[PDB]
Amino acid sequence: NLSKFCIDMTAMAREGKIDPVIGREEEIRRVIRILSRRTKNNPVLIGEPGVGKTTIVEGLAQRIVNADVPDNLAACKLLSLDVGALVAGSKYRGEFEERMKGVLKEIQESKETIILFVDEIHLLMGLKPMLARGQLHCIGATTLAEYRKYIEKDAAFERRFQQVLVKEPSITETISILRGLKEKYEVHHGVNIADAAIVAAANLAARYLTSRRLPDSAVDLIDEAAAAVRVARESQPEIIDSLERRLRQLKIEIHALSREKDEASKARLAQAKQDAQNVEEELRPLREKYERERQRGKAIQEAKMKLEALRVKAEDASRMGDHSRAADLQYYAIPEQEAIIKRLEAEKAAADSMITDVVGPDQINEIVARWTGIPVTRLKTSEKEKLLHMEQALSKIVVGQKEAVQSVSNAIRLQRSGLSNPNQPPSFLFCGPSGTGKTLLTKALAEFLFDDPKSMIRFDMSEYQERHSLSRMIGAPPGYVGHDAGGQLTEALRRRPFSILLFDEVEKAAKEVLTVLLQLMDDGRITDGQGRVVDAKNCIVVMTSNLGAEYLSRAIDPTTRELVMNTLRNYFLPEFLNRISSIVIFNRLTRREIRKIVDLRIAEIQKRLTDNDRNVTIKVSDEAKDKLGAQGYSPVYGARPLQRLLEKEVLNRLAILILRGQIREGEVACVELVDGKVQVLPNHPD
Amino acid sequence: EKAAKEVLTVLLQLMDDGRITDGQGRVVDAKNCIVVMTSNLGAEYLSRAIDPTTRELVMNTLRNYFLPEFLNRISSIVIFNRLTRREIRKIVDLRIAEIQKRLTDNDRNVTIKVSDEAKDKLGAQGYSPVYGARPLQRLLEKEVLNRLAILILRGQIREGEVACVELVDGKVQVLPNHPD
């Protein structure tokens, strides 16, 4: 009787050590009617990993034990065999083989009818289920991937089964199930939880965590926050502990000093006894109220515990049909237990402060923070405050094109405002000079809407001038050259549901690229060339250009802009150009913004000086700033090389003198332009 | 059929009044024993009714998996069908009569009358197109014996009574007569 490797799930249900799961109940009816079939009643669930599809199976069992059953399955037994440990732990497949045999035949020793759950049946391949369609049932579940790679291959074994699928949980499902789990985890923890805390928690858990799968991801992070709150609750206050440690030192000092003959010892000993009484009359109030609130939480825990105990005893008697004694329990303990609970909440709120049972969202926010390396200071806007400070925050990054950034902000407001076409995310055409922080501006928007660079991928339209580039970007069927790597943009979107789509220098991308990405953007979506499902209405798309610089005269006027847009609409499909939510105009960067740019750069420098103890101050003199701007000013590319220019100009001799020591820590890197070629004016000779 | 061919030949020989020398040496044949063999997975082929059709395929199967003379000297071949309603009723009725009698063995002697319609639901809950008469005894034991014990030790039902048992909301309960 080697059920040892298997657990009677039905018993566990009757044991009531399980957690009632919700959602996907129509799927429950689906698999139920499937088992009612005689054609092929042994299905497999199409299941993405990490969805706790387990939880589904157990919900099935729970409903099963409780008359929620087609009578044919009256006393069938869902059990649980750890197939993995069973198969892989066998150092020799023969014992594995005889294990398989014995369990198979003993299953046929169905003194009562049972139906075991099994997973990863492909791992049973690597054909011994010779009679699975007879004298046997199969509770299958996995992704469609395994079903294809192993099951779709075979004919008999596969055809013995049926396909059923469960999807990624929507927010609402998580909401409900977490509302459920609230009480359970509380009773296990004796702490408090805020609904909206859970809501925002699971929200951010979806925003991030894509590595792991909802819902159980949110569940576990909630549990971790809870235990953190529990660890703080379990600990006595640090001020008390420190005081008691001081008190132990004082007791030792008293025992040491009392045996001494000197009025110094005697005076300090009286002092020590006195302050012992002090710290005692101090902590013992707080210490005892700590004990008291602990007893309160203990009463809470054991009260909820006996509540669940008597309630499941009454439920057991209900399953026995003891409506008399079941109702006796229901109307002799249940609401009275609830009254106990109300009194407990009353006394605990009346105690209201060092320790709080509640879980401020901030805590789990810190958890996910060190899970992501970003402060929740960033994770609090819901894009709203991200907008209401967008202009200014972005200005603090780059400046000079207040008009352009202004329009960008307006249209992005519209996108967030949910009133512009959410299918087609607003798209934009950078058009002006080059080396203007152009790509820097792109990355700036990227982060400012995500606070992470991974949400932006480089895709220049220069490589994408042709339909071969079309086939490589949009992917291709198995029979074209733009398929083996998938498609660049295809996979790029396959990973992210939230990102910006860079289209650099689109005056290289031919009209056909315009039209195909029009197919895409018009609903922010097309069907990939590889043959999958892909939609990114949450993502962002932006184009760039610089042919308008040629218009620009060294000091934006609509006059020039007019002819620019003319040249665009006659170079690029005006209807496609109508998909651009805003033409991002630019002008000649005058010397003031460039001065401030170089100032920001020397700021990056001084702060990297701060990045170590080795930290002196730059003093870029006005004339130095201006001359270096004039020099590194690249009318071809604004001042894009000016940065290398400046760093190679100063930083070299700077570090030279530094590691030589001609200027030591904290002093001035007085950037004083000598003869137009500034020298790093040293301070310590040889 | 699970076994290998050599023992099949052995049993052929034995069936043909044959015997084989043993460790003690004396050959032994079933001079007055009663022999029988079993196959399977025919019923899955056997659709609802008995047809002629399926039996040809299954007898040819028996042939092409074994030896013709080995199928010879076999008296006959009888196959069954998945149990119907009438017969389910009868077999479970006699089963529960046996229940009543074996608990009457225990000095506690209560009479047992149950709802024949609840009995119908019972059998439908019990009969399987796979395991038929095997699980229903277990199911009836589960439903019955503990109800009996609870009622008798409860006084809710004592001797000289009728163990009335009725279906209520997809559930059939042994309704007592002396609640606490």
# chains A, B, ... in the order shown; residues from 1 in each chain; ligands from 1
>>> closest_atom_pairs(of="chain B", to="chain A", cutoff="12 Å", atoms="only C-alpha atoms", output="tab-separated table")
residue	atom	partner	partner_atom	distance
B:2	CA	A:130	CA	11.8
B:40	CA	A:134	CA	9.7
B:41	CA	A:134	CA	7.2
B:42	CA	A:134	CA	10.3
B:43	CA	A:134	CA	9.7
B:44	CA	A:134	CA	7.4
B:45	CA	A:134	CA	10.6
B:47	CA	A:38	CA	11.6
B:120	CA	A:71	CA	11.2
B:121	CA	A:71	CA	7.9
B:122	CA	A:71	CA	8.6
B:123	CA	A:72	CA	9.4
B:124	CA	A:72	CA	6.5
B:125	CA	A:71	CA	4.7
B:126	CA	A:72	CA	7.0
B:127	CA	A:72	CA	7.5
B:128	CA	A:72	CA	7.1
B:129	CA	A:38	CA	8.6
B:130	CA	A:135	CA	5.9
B:131	CA	A:135	CA	7.6
B:132	CA	A:113	CA	10.3
B:133	CA	A:111	CA	10.7
B:134	CA	A:111	CA	7.0
B:135	CA	A:112	CA	5.0
B:136	CA	A:112	CA	8.0
B:137	CA	A:112	CA	9.0
B:138	CA	A:112	CA	6.3
B:139	CA	A:112	CA	7.3
B:140	CA	A:75	CA	10.8
B:141	CA	A:112	CA	11.0
B:142	CA	A:75	CA	10.1
B:143	CA	A:320	CA	9.5
B:144	CA	A:320	CA	11.4
B:146	CA	A:320	CA	9.8
B:147	CA	A:320	CA	8.6
B:150	CA	A:320	CA	10.4
B:151	CA	A:322	CA	11.2
B:156	CA	A:322	CA	12.0
B:166	CA	A:321	CA	11.9
B:167	CA	A:321	CA	11.5
B:168	CA	A:321	CA	9.8
B:169	CA	A:67	CA	8.9
B:170	CA	A:67	CA	7.0
B:171	CA	A:67	CA	7.7
B:172	CA	A:321	CA	9.3
B:173	CA	A:321	CA	7.1
B:174	CA	A:321	CA	9.3
B:175	CA	A:321	CA	9.5
B:176	CA	A:322	CA	10.8
B:179	CA	A:324	CA	8.5
B:180	CA	A:324	CA	8.8
>>> residues_around(residues="residue 49 (chain B)", least_positions_apart="5", cutoff="12 Å", atoms="only C-alpha atoms", output="list in words")
residues 43, 54, 80, 81, 82, 83 and 84 of chain B
>>> select_by_dssp(residues="region 99-213 of chain A", states="alpha helix (DSSP H)", output="number ranges by chain")
A: 99-108, 122-125, 144-146, 156-159, 171-189, 195-207
>>> select_by_dssp(residues="region 417-474 of chain A", states="strand (DSSP E or B)", output="MDAnalysis selection string")
chainID A and resid 427:431 456:457 460
>>> residues_around(residues="residue 228 (chain A)", least_positions_apart="4", cutoff="10 Å", atoms="only C-alpha atoms", output="list in words")
residues 222, 223, 224, 232, 233, 234, 359, 363, 364 and 367 of chain A
>>> atom_distance(atom1="CA of residue 465 (chain A)", atom2="CA of residue 435 (chain A)")
21.9 Å
